[PDB]
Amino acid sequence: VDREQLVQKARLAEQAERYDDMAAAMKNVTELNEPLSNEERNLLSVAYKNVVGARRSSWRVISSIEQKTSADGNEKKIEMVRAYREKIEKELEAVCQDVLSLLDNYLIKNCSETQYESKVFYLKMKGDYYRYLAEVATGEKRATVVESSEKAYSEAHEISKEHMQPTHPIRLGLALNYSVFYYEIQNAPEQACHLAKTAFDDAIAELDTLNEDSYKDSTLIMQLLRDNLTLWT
């Protein structure tokens, strides 16, 4: 059982656009109960992002059609579109639960006090995947996953504020996603704008704290913050 082969597998699977294989390899790496390098973290994130991403994209297409045919008033067709939506939801939720279990029982658990970058990165993932659950949940189940999403982002934001520079890509990326959560999930546009503007402004104030290694990644997330802000206003 060779950790380096599993990582190489993941790199191969990514190149061949086989994201299930990539997720499986990186899951297996995580299960070895040893910390992930930066490259390994991203390999895990990219893998599950695509696996869940294809279901999210399918669910939107299906929901969108469900709306139109629901209005059209043809049951037999409506039942089948709805059943298909449910089938995709179950897939999506299974992927989210899979990631969350890795996060809670391996990745967040094994972060030491000083591994701030990793804690924020993982807590942000935890917020993201509960947010993906929130996108498709209704009733009490929605309320629960929304609370969980909020608690993950909230904690990640505390750690980021205290221990990372305003221009740090991971901190910026969290502000980005957390603000999206505020707008789309909590329907709190004021809170969303405040977070995105603050994060953007704070990065700009300390713009000289950019290393050439982070310049490109930070400035690009900053554009996204601004893009969202322009849209929301």
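Just count from 1 along the sequence shown to find any residue number.
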Does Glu117 go missing in at least one third of the other entries compared here? no
For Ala71, does the count of other compared entries lacking it reach at least a third? yes
Entry B factor averaged over C-alpha atoms, 110 to 118 against 75 to 83: higher for 110 to 118
Here the Cα B-factor of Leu36, set against its chain, lands in the third termed lowest
Looking at the entry's B-factor column for C-alpha atoms only, identify whether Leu43 ranks in the lowest, middle or highest third of its chain. middle
Among the modelled residues of this chain, does the Cα B factor of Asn187 put it in the lowest, middle or highest third? highest
CA B-factor ranking of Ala203, expressed as a third of its chain: middle
Relative C-alpha B-factor of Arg131, binned into the chain's lowest, middle or highest third: lowest
